[PDB]
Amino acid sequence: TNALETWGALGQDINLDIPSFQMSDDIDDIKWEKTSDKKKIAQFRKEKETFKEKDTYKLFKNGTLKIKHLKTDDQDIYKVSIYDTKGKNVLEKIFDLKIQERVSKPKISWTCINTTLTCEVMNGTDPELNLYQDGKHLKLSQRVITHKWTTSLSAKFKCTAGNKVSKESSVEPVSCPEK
């Protein structure tokens, strides 16, 4: 339905900008609306007043709308409509905001007794995990990664986790004399 997809982080702020715009005198009204609830979240009705539905919102002179501290409820299609003094619609841009939880630093666990190693990430939406040993790719996975060996070991393992909004990483030197 012609919207510009946008990714935002649960808990962080985000900015919806219209580069296609450049403010001026002729401009009489800039309206930002939230589709699903059909409600104007912010509006620049000339100096006549600066309306904002909440502190969660902020609208700038350049038409950019900042949404503070993203929450599950903010995933929605947003629309800006802006008009001059002669009543004309100068621009209309639409954004399709989806949000994800930032990923957390992965956690690596292991026993030398049982030749087993695990990498897991507790926080993060639809993450992707990669396991490396002394800089060489082991496995890619969406769920928890397991890695078993047999010999005595003294490697440097690296586990990455990432999604659309973040990337975290953890390296842990492993030494199993096993005897």
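Residue positions are given as counts along the sequence shown, with the first one as 1.
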Inset, instruction - For the higher mean C-alpha B factor in the entry, choose 21-29 or 151-159. - result: 21-29
Legend entry - Between 66-74 and 46-54 (mean CA B-factor, as deposited), the higher: 46-54
Inset, instruction - By the entry's C-alpha temperature factors, tell me which of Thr146, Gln142, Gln133, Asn114 sits highest. - result: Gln142
Inset, instruction - From the list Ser109, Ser104, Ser81, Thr85, select the residue with the highest C-alpha B factor recorded in the entry. - result: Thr85
Inset, instruction - Taking the values exactly as deposited, rank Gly8 by C-alpha B-factor within its chain and report the matching third: lowest, middle or highest. - result: lowest
Inset, instruction - State the tercile, meaning the lowest, middle or highest third, of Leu129 with respect to the CA B-factors recorded for its chain. - result: middle
Inset, instruction - Rank-wise, by C-alpha B-factor, drop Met122 into the lowest, middle or highest third of its chain. - result: highest
Inset, instruction - For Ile94, return the chain-relative third of its C-alpha B-factor as stated in the PDB record: lowest, middle or highest. - result: middle
